[PDB]
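The chain below stands alone and is given as structure tokens, in the form deposited in one PDB entry.
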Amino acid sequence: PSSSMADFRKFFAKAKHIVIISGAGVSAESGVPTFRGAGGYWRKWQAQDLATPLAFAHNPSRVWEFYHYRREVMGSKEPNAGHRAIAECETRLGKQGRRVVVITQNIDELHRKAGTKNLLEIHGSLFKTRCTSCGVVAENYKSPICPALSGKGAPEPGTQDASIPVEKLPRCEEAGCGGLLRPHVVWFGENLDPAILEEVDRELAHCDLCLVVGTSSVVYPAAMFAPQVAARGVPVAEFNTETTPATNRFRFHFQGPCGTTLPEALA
């Protein structure tokens, strides 16, 4: 696959509908902990242990401590130059009547904080809740999300469970509900929102240029989306830190931090 920035820029200059698939690497360049992969732990657990319906069923306080920590951590994190290049791209192209959409698995909203408006968050958001009784989804940026979680969620091994009674965990504020809230994030073993998948398909079907950023095109989630773009003859450009593009078929591979390559690519 080509590494010619000048050739990519020629496609970019003509593209009227860009899909940008954004993976964990974009968030990692902002220092956002993912609690996945080697070394990434919260206390003695990884996300595979806590981001599950079973974990929440048995230990909702521990799961809420985990997500509370991750919410509060965001107060010290900022979008990186990759987020900014992507947002600035959307803004500039939008004034020209050209579409940019970001499809991200990241749940930390740094794309939104950078100014991205056209955003499909396929794994949901740390800053949305869903009521386990009535289903309502709500924005929630409160620090702390409930009083009982103030000062909880410390990540250090040895930290004991807060063991907050479920009545004092975040509760639904719809009139006449009061049900127990969960984070509006996709957990292991769960379905994506079919409505989001429908929106994703529409974008993949109409785009004339696809970028895969901060992840590989041959693993989830990009592997679910990029192949059918490439099948239509649409160029796919990969921006990630792998030395070997674990793939041919795709037109471009640019190695490096997205905050180094994307400002130039999307200028």
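Shifts are known only where both forms have a C-alpha. The first residue of the shown sequence is 1; numbering continues from there. Rigid core (definition): largest C-alpha set, two forms, superposition within 1.5 Å.
The form deposited in another entry is left out here; the points below concern that form.
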Using the rigid core as the fixed frame, list which single one of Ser216, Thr52, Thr241, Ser61 shifts its Cα by at least 2 angstroms between this form and the one not shown.
-> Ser216
Inter-Cα distance between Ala222 and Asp193 in the other entry, nearer or further [3 Å or more] | closer
Do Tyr220 and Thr261 have their C-alpha atoms closer or farther apart in the other entry than here, with the shift being 3 angstroms or more?
-> farther
Taking the rigid core as reference, consecutive runs of 3 or more residues that move 2 angstroms or more in Cα between this form and the one not shown = 216-222, 243-247
